[PDB]
There are 4 protein chains.
Amino acid sequence: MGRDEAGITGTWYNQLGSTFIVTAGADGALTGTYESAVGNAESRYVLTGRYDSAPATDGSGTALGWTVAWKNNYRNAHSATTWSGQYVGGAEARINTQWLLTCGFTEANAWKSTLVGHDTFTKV
Amino acid sequence: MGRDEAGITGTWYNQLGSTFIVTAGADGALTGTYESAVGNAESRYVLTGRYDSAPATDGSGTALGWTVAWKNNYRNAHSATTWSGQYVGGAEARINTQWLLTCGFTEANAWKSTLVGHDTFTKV
Amino acid sequence: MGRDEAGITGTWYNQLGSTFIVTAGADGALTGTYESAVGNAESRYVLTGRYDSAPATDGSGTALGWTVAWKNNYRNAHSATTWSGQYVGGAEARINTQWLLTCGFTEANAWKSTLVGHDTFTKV
Amino acid sequence: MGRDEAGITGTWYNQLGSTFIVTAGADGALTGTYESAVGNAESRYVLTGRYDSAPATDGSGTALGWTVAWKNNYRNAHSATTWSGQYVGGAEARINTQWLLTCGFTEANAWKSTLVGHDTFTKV
Ligand SMILES: O=C(CCCC[C@@H]1SC[C@@H]2NC(=O)N[C@@H]21)NCCCN(CCc1ccccn1)CCc1ccccn1
Ligand SMILES: O=C(CCCC[C@@H]1SC[C@@H]2NC(=O)N[C@@H]21)NCCCN(CCc1ccccn1)CCc1ccccn1
Ligand SMILES: O=C(CCCC[C@@H]1SC[C@@H]2NC(=O)N[C@@H]21)NCCCN(CCc1ccccn1)CCc1ccccn1
Ligand SMILES: O=C(CCCC[C@@H]1SC[C@@H]2NC(=O)N[C@@H]21)NCCCN(CCc1ccccn1)CCc1ccccn1
Ligand SMILES: [Cu+2]
Ligand SMILES: [Cu+2]
Ligand SMILES: [Cu+2]
Ligand SMILES: [Cu+2]
Ligand SMILES: [Cu+2]
Ligand SMILES: [Cu+2]
Ligand SMILES: [Cu+2]
Ligand SMILES: [Cu+2]
Ligand SMILES: [Cu+2]
Ligand SMILES: [Cu+2]
Ligand SMILES: [Cu+2]
Ligand SMILES: [Cu+2]
């Protein structure tokens, strides 16, 4: 059992109103679905990732990350986002992330292929 | 069958001499192992990710991403890296990425928790 | 006179309690001092940057950026931070930024040379 | 006199074929012009920045950064780029950077306001 397996598993919301539904496995796996409130997206997309299933016990956060490729049965935005961040437990648990969204572009446009941002997820 | 399922599946090397061994599934899954030539790492770590399994056919790259949590049976660096990028096919295939490495830190050190970099993977 | 010359000029505070004191020139220059509440820093450091002195008038923010090299008469942390972001006017004006902190490192450690984060500045 | 004042001052080119013309001052100032080979840009734009004028002498690079706001007498792309990186001296001197390009956008589009990339500058 990962230390924060129960704390991570569940439904999370970010500041854009997107919905992140995840299950943390005892082995460090993250599996679930993502629904983005913004951009070229509709409904749920598959996500997978990893988390540190034996974090430090000195008050540090729990490192994790996951990926969504923005293809599902409704749309294909030819892009992928990875979120990299940490789970912070407690009364108001949070997942604090930064993210990289890469679009599949021609070689001449590679310089403008990647957006960077930051999302904060909470359980309410 | 994903368009670039065969082109992605296999063993990749980046400019640091790290080894990225991946299988692309027809459904958009990436599964495999990562071995980093640098940092607080030894041997292979589980990785999972996603890729666009029906990319555009106008010469654009194929968007993808994956995560490694830096825990295995030898070490735990209490951190996770996500790579976000695109697969570029052809005679000298490449996966061009940018990445975010987040460490699990205390709340007071969250400002210095995340490194950013860029890795280029080739098949030789 | 830049459109937001008066709105930008002045004293700003971020969520870490750092102090950003800036003057915007009519030509697009930013000049001032930065005092960081965290890290290897003490007192004020010179900053310089640029801003869009004729922004759009459709409600968009005003793009800007600036650099601090972390050397002053007290300390030298052999590093530089650049903030890239936008000034958002109104009752609760804000400068929303993302930033890159690069340390001068040996060639073998270049992969871990750059931190990424995000700072929000307000006038109170 | 900054340690790398002479090594930095001059004309640099990146992998896109952009031209970075800079003067390093003894006080740590960077001043000059930037001409981008790509994007919504034409001719030269003002740049300003800072560099560590007393770097370590253990083989580490010299940290620096600079900003361009993409307004000049020809065009205004309502955006700013900051480059954060290090000067690496020697036979084939280099400035290795990562950069953040922020567009002035409405509040609803702030999530897609910032591109991230990496540029390598050389003297030839
Ligand atoms: O939206 C998508 C998929 C949805 C992305 C949702 C993002 S994930 C990070 C964040 N957290 C979140 O909860 N929600 C957002 N994938 C293509 C992302 C194209 N751009 C901007 C949007 C757009 C939508 C429709 C038409 C054109 N654009 C990327 C920026 C860019 C780069 C270069 C040239 C032009 N544009
Ligand atoms: O190394 C790791 C795991 C290995 C990471 C390998 C990276 S993935 C991106 C890149 N592509 C690649 O192929 N290989 C590298 N995880 C903790 C990463 C701690 N820092 C730097 C390294 C280190 C090793 C040992 C002791 C201290 N550090 C992060 C930087 C930081 C931030 C704040 C304070 C101090 N340091
Ligand atoms: O603090 C500095 C200068 C102050 C930086 C303040 C930052 S600007 C962005 C942000 N907004 C803000 O208002 N305040 C912060 N420059 C060296 C920054 C060394 N690291 C972490 C701090 C530290 C302080 C003392 C001793 C060791 N570290 C960088 C992370 C790293 C990378 C690789 C290996 C180890 N560590
Ligand atoms: O080009 C500019 C100014 C030139 C930028 C040149 C860049 S600096 C980093 C890099 N190193 C370099 O040497 N050269 C490049 N400023 C607006 C940058 C708009 N986007 C992409 C380009 C574009 C040109 C014309 C029309 C539309 N786009 C940003 C991506 C985005 C985000 C959200 C929605 C849509 N697009
Ligand atoms: Cu430990
Ligand atoms: Cu954050
Ligand atoms: Cu654009
Ligand atoms: Cu399509
Ligand atoms: Cu790249
Ligand atoms: Cu440090
Ligand atoms: Cu305009
Ligand atoms: Cu922001
Ligand atoms: Cu470290
Ligand atoms: Cu020193
Ligand atoms: Cu670099
Ligand atoms: Cu777009």
Side-chain angles (χ1 to χ4, degrees), chain A residues 38-40 77 79 101-103 105 108-117, chain B residues 98 103 105 109 111-115 118, chain C residues 3 38-41 50 52-63 65 70 77-79 81-82 84 86 100-105 109 112-115, chain D residues 12-21 33-45 47 60 63 65-72 74-85 95-106 108-122:
Chain A
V38 298
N40 188 10
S79 48
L101 184 175
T102 303
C103 293
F105 279 171
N109 291 320
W111 71 270
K112 72 204 197 159
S113 68
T114 308
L115 292 169
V116 60
Chain B
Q98 308 188 69
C103 293
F105 279 171
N109 291 320
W111 71 270
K112 72 204 197 159
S113 68
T114 308
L115 292 169
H118 47 96
Chain C
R3 168 166 318 263
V38 298
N40 188 10
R50 304 287 294 164
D52 176 3
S53 52
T57 52
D58 62 1
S60 300
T62 299
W70 293 109
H78 301 307
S79 48
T81 301
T82 62
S84 185
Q86 47 200 314
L100 296 168
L101 184 175
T102 303
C103 293
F105 279 171
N109 291 320
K112 72 204 197 159
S113 68
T114 308
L115 292 169
Chain D
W12 295 85
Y13 313 90
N14 76 6
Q15 76 288 346
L16 297 168
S18 302
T19 306
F20 167 50
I21 299 180
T33 56
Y34 203 92
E35 183 172 355
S36 179
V38 298
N40 188 10
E42 158 194 353
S43 197
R44 281 152 334 109
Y45 298 79
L47 76 86
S60 300
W66 70 92
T67 304
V68 165
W70 293 109
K71 166 181 182 296
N72 71 4
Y74 300 99
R75 295 191 190 193
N76 187 349
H78 301 307
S79 48
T81 301
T82 62
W83 290 255
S84 185
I95 298 181
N96 292 321
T97 70
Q98 308 188 69
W99 51 257
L100 296 168
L101 184 175
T102 303
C103 293
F105 279 171
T106 64
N109 291 320
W111 71 270
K112 72 204 197 159
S113 68
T114 308
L115 292 169
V116 60
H118 47 96
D119 286 353
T120 299
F121 297 85
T122 56

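One-based numbering, in listed order, for ligands and for the atoms of each. Excluded from the calculations below are hydrogen atoms, water molecules and symmetry mates; all remaining heavy atoms, backbone and side chain alike, are included. Per chain, numbering begins at 1; letters A, B, ... match sequence-line order.
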Geometry only, no angles: is [X] polar-contacting ligand 4 at N/O separations under 3.5 Å?
{"X": "D/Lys112", "value": "no"}
{"X": "D/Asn40", "value": "yes"}
{"X": "D/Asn14", "value": "yes"}
{"X": "D/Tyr34", "value": "yes"}
{"X": "D/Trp70", "value": "no"}

Determine whether any heavy atom of D/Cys103 lies closer than 4.0 Å to an atom of ligand 4.
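Checking ligand 4 against D/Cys103, which is what was asked, there is a heavy-atom contact under 4.0 Å.
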Is D/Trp83 near ligand 4, meaning one of its heavy atoms is under 4.0 Å from it?
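Checking ligand 4 against D/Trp83, which is what was asked, there is a heavy-atom contact under 4.0 Å.
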For [X], counting its heavy atoms only, list the atoms of ligand 4 lying under 4.0 Å from any of them.
{"X": "D/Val38", "value": "4 (C), 6 (C), 14 (N), 15 (C)"}
{"X": "D/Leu16", "value": "11 (N), 12 (C), 13 (O), 14 (N)"}
{"X": "D/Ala77", "value": "2 (C), 16 (N), 17 (C)"}

At a non-hydrogen distance cut-off of under 4.0 Å, which region of D/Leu115 contacts ligand 4 (side chain, backbone, both, or neither)?
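Side chain only; the backbone of D/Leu115 stays clear of ligand 4.
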I need the contact type for D/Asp119 against ligand 4. Using non-hydrogen atoms and a strict under-4.0 Å cut-off, is it side chain, backbone, both or neither?
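The answer is the side chain of D/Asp119.
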List the closest protein heavy-atom neighbour of [atom]: residue, atom name, distance to the nearest 0.1 Å.
{"atom": "atom 8 (S) of ligand 4", "answer": "D/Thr81 OG1, 3.4 Å"}
{"atom": "atom 35 (C) of ligand 4", "answer": "D/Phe105 CZ, 4.6 Å"}
{"atom": "atom 6 (C) of ligand 4", "answer": "D/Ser36 OG, 3.3 Å"}
{"atom": "atom 22 (C) of ligand 4", "answer": "A/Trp111 CH2, 3.7 Å"}
{"atom": "atom 16 (N) of ligand 4", "answer": "D/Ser79 OG, 2.8 Å"}

Is [atom] touching the protein, meaning some protein heavy atom lies under 4.0 Å away?
{"atom": "atom 14 (N) of ligand 4", "result": "yes"}
{"atom": "atom 27 (C) of ligand 4", "result": "no"}
{"atom": "atom 32 (C) of ligand 4", "result": "yes"}

In the structure I gave you, are the side-chain heavy atoms of [X] and [Y] within less than 4.5 Å of one another anywhere?
{"X": "C/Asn40", "Y": "C/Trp70", "value": "no"}
{"X": "C/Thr82", "Y": "D/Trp99", "value": "no"}
{"X": "D/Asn14", "Y": "A/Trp111", "value": "no"}

Quick one: report the N, O or S atom of D/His78 that is nearest to the Cu ion (ligand 11).
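Result: NE2.
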Evaluate C/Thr57 against C/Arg3 for side chain to side chain contact (heavy atoms under 4.5 Å, CB included), listing each step before the verdict.
CA-CA 9 Å; C/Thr57 52; C/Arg3 168 166 318 263; 3.3 Å; yes
Sequence neighbours excluded, which residues qualify as salt bridge (charged side-chain N to carboxylate O under 4.0 Å, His left out) partners of D/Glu35?
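Expected list: none.
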